[PDB]
Each structure stands twice: as C-alpha cells, then as structure tokens.
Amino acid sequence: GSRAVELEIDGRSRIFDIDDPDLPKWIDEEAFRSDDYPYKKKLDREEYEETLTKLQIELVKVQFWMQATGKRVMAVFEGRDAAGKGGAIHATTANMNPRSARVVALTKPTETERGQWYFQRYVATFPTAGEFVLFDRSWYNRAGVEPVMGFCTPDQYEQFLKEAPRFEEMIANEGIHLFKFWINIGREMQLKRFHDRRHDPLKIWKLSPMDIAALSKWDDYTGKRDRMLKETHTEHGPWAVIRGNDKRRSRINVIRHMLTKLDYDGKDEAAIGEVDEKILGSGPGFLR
C-alpha cells in the first residue's frame, strides 16, 4: 500500500492502509467503544429522527424570537478531523431560513489576509440583528491545524491562545451569544471514518490532504486540543465538549445545549429533553 502508515496504538504496532477496501478487525472492533464511549450501540435511525424533528421545531421558534428581538447567535464547530462538524451544522440549519442563518466556511488566507490581524477576516462575517452564524472551523484553526502543520509560527500560536479569550470577551460583552463546540472521536473511530470516506464515492470529497496527514499526527493534535480547551475555556467563551463517536447523539446534544442556553419565546422544555451528560461536558476534564 502506497499510502499505508505505521501507527503506535498504545505499545502495539499497527499498519493502516486507507486504500485497502477491507477494514482490519482492530479498527472494526474498537471504533465505537473508543474514547471511553458510554453506549454499546448507536442510536437507532428512527428515534434520532423523531427527536431531531422536535429539536428543529424548537429552533424555528428560536429563529422567530431572534428576528423579533434582534438577538444574535454565533456557533463555532471544531474537533478531531472526521468527527462530524458539518453534520452538526446541517442538523442545526436544515429547517432554518437561509436569509437569517448562515454558515461560515473560510478557505486558506490570501496574502492580504495573512498580513492582517488574524481575527479581521472572521469579524467580517459577524452577525447583524437576528442572524444565526455557524462556523465550519473558526479562528481556532490557529490552535489546531495551523501549528500542527506549521502553517503558523510557534509565536503566532502562543499569541493566538492569549488573544482568543480577549476576542470572545468583546463578543460576549456585545451581547452576541457565542457557542463553541469541540466534537471529539476516538482514535480508531477516526480511522474507520477516514476509511468510510475513502471507499464511498459520495463522501470521498470529505477526505483531504490534511486528513491523510492527520493520520500520523494524532498525538500532536491531542496536545493542541488539551492546551486549547484549557487556555481558551473562559466564562465569556465556554467550550462545550462532545463525545461524538455516535453522530446522532452528537447532533442531538449539540442542539439541546443551545436550546437550553437560549431564553427564547415559546420554549417547550419537554421537547428539548435533557442534555446527555455522558455525551456533552464542559471545558477541560471531560475527556480522559
């Protein structure tokens, strides 16, 4: 295998060939149970849909209340590569008005942007009255992919970790409600999903040069993740941390978290349910 990589999965030497259509047993058997996942089987499709429908009905109410009051929301999505960021975003926006809820998904910075204040091109996307803005990756590029891949210098990395709390304090002081979600998955789950994307012609667009590099960089991402959650989890900018091995439970609890934190007119606490504390936690210390 040309793209096959060697990996150290706790003392054990493993080879992963993403192009091999056959998934080996040590990934197949451990993918769902990795990352101390609390559930034995994934949430059934029809129970997920019944619950998600009820949650999206509540988000329609949220949007109506935001147009009426002018309230603005920003929701940041980050995590392990292949953890399910885009799916949590689509589950949130599926039944929202595209003229008042929009997704930010920026590309690599231009020469002009690289010479700007790092946050400038993100401020350009900030919401006006009533808008719900969701970030498919965010300024937290500089706390993960950029230092791991050397797209920013160590000093730029250290600088970003000191400025992000200041940036988000202004956001919160302005009255924009800022959500930050870190969607985690276990190591073998990431391998399984890279394999799934590689061998599905409908999903192979999800598999980028970055992800193939992320394979040998698991521990470095772990370090950057831990460092980032500990140093940028502040009162003004709290991190909600998700065990995301089950995409369905991930999406449901992301949305439950936002509904509970918003004091929107018409809110039906029965339809929201409870955030599963086994799936969604706060700040550092949630992931072992």
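Residue positions are given as counts along the sequence shown, with the first one as 1.
ask   = Comparing 36-44 with 250-258, which stretch shows the greater average C-alpha B-factor in the deposited entry?
value = The stretch with the larger mean CA B-factor is 36-44.
task = State which stretch shows the higher mean Cα B factor in the entry: 260-268 or 6-14.
result = Between 6-14 and 260-268, it is 6-14 that shows the higher mean C-alpha B-factor.
query = Which of these has the highest Cα B-factor in the record: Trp182, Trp205, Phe119, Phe135?
reply = Answer for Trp182, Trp205, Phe119, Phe135: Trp205, with the highest C-alpha B-factor.
Ranked C-alpha temperature factor of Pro209 among modelled chain residues, by third = As the PDB entry reports it, the C-alpha B-factor of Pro209 lands in the highest third of its chain.
message = By the recorded C-alpha temperature factor, relative to the other modelled residues in its chain, which third is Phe126 in?
response = As the PDB entry reports it, the C-alpha B-factor of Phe126 lands in the lowest third of its chain.
task = Taking the chain's C-alpha temperature factors as the reference, tell me which third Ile242 falls into: lowest, middle or highest.
result = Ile242: CA B-factor falls in the middle third of its chain.
message = By the recorded C-alpha temperature factor, relative to the other modelled residues in its chain, which third is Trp218 in?
response = CA B-factor rank for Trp218: highest third.
ask   = Compared with the other modelled residues in the chain, in which third is the CA B-factor of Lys230?
value = Its C-alpha B-factor, which the entry lists for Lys230, ranks in the highest third among residues of this chain.
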